[PDB]
Amino acid sequence: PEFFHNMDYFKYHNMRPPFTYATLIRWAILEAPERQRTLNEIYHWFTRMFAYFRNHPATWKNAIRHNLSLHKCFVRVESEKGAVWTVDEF
DNA sequence: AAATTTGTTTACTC
DNA sequence: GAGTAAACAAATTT
Numbered sequence: 322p323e324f325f326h327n328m329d330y331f332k333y334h335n336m337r338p339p340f341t342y343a344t345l346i347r348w349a350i351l352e353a354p355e356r357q358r359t360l361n362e363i364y365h366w367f368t369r370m371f372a373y374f375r376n377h378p379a380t381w382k383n384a385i386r387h388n389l390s391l392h393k394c395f396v397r398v399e400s401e402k403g404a405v406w407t408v409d410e411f
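Per the deposited numbering, residue 322 is the first one in the first sequence, and the count goes up by one each step.
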């Protein structure tokens, strides 16, 4: 099922985070010191930061792509090293 | 020139 | 609106 109580960032039990894809991505982008990440770094962040997402990659990688291009507060910016995603706080 | 990842939509529940 | 699934197209690497 989903999270049994109020426990904080324990990523060590395969339990669904009680957060939207829209908001998890927003948090992953703002974690980077430059406030941007590549799509792969977002994939690495999700797996690293939650045990639940280590089991069915195709199910949620599709979701992450979907949310990025559906919400106006996610913006793609071309960099020297390639495409990255940023967040419009407004 | 594929192959494959990375971006956009659309639609269907709930 | 959120999560999921999918069809289809763009941009990017083998």
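Yeah, the Cβ is synthetic: ideal placement off N, Cα and C, and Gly gets one too.
### Query
In angstroms, rounded to a whole number, what distance separates the CA positions of residue 351 and residue 395?
A straight-line Cα-Cα distance of about 12 angstroms links residue 351 and residue 395.
I'd like the list of long-range same chain contacts for residue 404, defined as Cβ closer than 8 angstroms, with 5 residues on each side in sequence excluded. Around residue 404: 359, 360, 397 and 398.
Three-state secondary structure (DSSP) of residue 362: Secondary structure of residue 362 (DSSP, three-state): helix.
- Any idea what DSSP makes of residue 410, helix, strand or coil? Here residue 410 sits in coil by DSSP.
field: Three-way DSSP call (helix, strand, coil) for residue 399 in this model
entry: Strand.
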